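Each remark here refers to the structure printed beneath this line.
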């Protein structure tokens, strides 16, 4: 169901942002 | 270490978005 | 399906705990 | 649906790899 | 660096919960 | 800090796999 897909996307984005943050951090 | 504080903020926002998702989910 | 929702929740929690850990770390 | 399950698995693996990376990092 | 060891433990637990989820999933 | 560069690479690959998943999803 499309709501579940959107759930999975919204979720994925959060992991993307986590990785974002992680790489962003490692330059320290 | 302002960079670390900004890190902590940027991080916090991600938790905010996680919580967003979590509450958004619980209505199911 | 509710099992899939619970899956998505259980999953979300793990990301929450990851972020937890991440912020917890940054005070080092 | 099985495609959605596979989605959830593929997703999970990414979190596994994130944790992988995180622990891998902490030895620094 | 005991704090780092505790970090590694707290981290490990999250991987344990990830694996939990993963095996839990594979019965689908 | 080569270890840090390798960290950044290993990390990047995970983002690659995230993006993989994301594009893979959007066909839904």
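A short reminder: the numbers here are calculations on the coordinates, not readings from a lab. When we count neighbours, we look across all protein chains shown, and the Cβ atoms used for this are built from the backbone with ideal geometry, even at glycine.
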To the nearest 0.05, what FRET efficiency results for residue E:12 and residue A:2 with a Förster distance of 41 Å applied to their C-beta separation?
0.65
Least to most buried among E:10, C:16, B:16 (fewest other Cβ within 10 Å first)
B:16, E:10, C:16
Euclidean distance of C-alpha centroids, chain E and chain B, integer Å
21 Å
Per residue of B:11-21, how many C-beta atoms from partner chains lie within 10 Å of its own C-beta, taken as a mean?
6
Given label points at 7 Å from Cα along Cα→Cβ, what nm distances, shortest first, separate residue C:10 from the same residue in every other copy?
2.1, 2.1, 2.5, 2.8, 3.3
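Taking a ≥ b ≥ c as the square roots of the eigenvalues of the Cα gyration tensor of the protein assembly as shown, is the shape rounded (a/c under 1.5), prolate (a/b larger than b/c) or oblate?
Judged from the Cα gyration tensor, the protein assembly as shown comes out prolate (a/c at least 1.5, a/b above b/c).
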